[PDB]
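Every letter in the sequence shown is one number past the one before it in the authors' numbering, and letter 56, counting from 1, is 56.
Every residue, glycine too, gets a C-beta built ideally from N, C-alpha and C.
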Amino acid sequence: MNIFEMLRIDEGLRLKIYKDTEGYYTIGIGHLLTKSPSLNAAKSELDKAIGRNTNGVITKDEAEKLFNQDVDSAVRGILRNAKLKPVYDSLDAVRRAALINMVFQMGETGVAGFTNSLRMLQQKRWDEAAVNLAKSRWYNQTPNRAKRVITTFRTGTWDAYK
Ligand SMILES: [Cl-]
Ligand SMILES: [Cl-]
Numbered sequence: 001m002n003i004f005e006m007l008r009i010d011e012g013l014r015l016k017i018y019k020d021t022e023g024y025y026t027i028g029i030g031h032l033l034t035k036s037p038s039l040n041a042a043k044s045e046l047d048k049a050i051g052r053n054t055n056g057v058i059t060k061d062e063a064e065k066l067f068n069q070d071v072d073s074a075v076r077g078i079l080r081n082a083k084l085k086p087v088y089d090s091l092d093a094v095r096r097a098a099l100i101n102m103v104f105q106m107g108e109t110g111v112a113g114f115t116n117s118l119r120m121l122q123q124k125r126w127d128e129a130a131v132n133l134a135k136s137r138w139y140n141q142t143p144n145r146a147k148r149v150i151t152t153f154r155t156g157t158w159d160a161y162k
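Structure, rendered in structure tokens:
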């Protein structure tokens, strides 16, 4: 298992514009298009992201291409962030994937906001970090996905994904 396979399981793949769990226009493997309510504003972001007139539909290759860019960006954002970087540097390979997953979902700003859980992960207090991570809107809104990520932080294995 790796970060790509992990995120593909959590996000799914859809080739037509759809609304995510928050009601926002998305496409592909979890690629947020816009927070605006307008489907036209979403189609316009889509065409711009793909470089062609898509009429709201993309191919598998185009989905995978946005996905590779989004993972790359999540990693680079973590490495640029003064709060996240030290946590990432301290973790083993599996747990690094869990952190990337959270950043991919909620953005660097949102994750950097989990001040206490970050400190706990850095200190390697797995059980305590898992309890603190669950006291969040994140966990309450998307509990099945949150549990999978949290178990990955707790155990350092891919068991939740197998
Ligand atoms: Cl983009
Ligand atoms: Cl969920």
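- Run through DSSP, which three-state label would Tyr-88 get? Residue state, collapsed to three classes: helix.
- Secondary structure of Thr-26, DSSP reduced to three states: Strand, per DSSP.
- Query: If we call anything under 8 Å between Cβ atoms a contact, is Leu-46 one with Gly-56?
  - Reply: In this structure, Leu-46 places its C-beta atom within 8 Å of the C-beta atom of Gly-56.
- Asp-89 beta carbon less than 8 Å from that of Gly-156: Cβ distance not < 8 Å, so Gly-156 and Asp-89 don't count as in contact.
- What do you get for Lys-162, buried or exposed, if any count of 16 or more other CB atoms within 10 angstroms of its CB means buried? Exposure of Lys-162 is indicated by the presence of fewer than 16 other C-beta atoms within 10 angstroms of its C-beta.
- Message: Pull the bridge partners of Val-149 from the DSSP assignment, please.
- Response: Partner(s): none; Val-149 has no beta bridge.
- Query: In whole angstroms, what is the alpha-carbon distance linking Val-111 and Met-102?
  - Reply: Taking the straight line from one Cα to the other gives about 7 Å.
- For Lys-19, three-class secondary structure by DSSP: Shown here, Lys-19 sits in a strand according to DSSP, grouped into three states.
- To the nearest angstrom, report how far apart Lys-19 and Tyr-25 are at their CA atoms. Roughly 5 Å between the two C-alpha positions.
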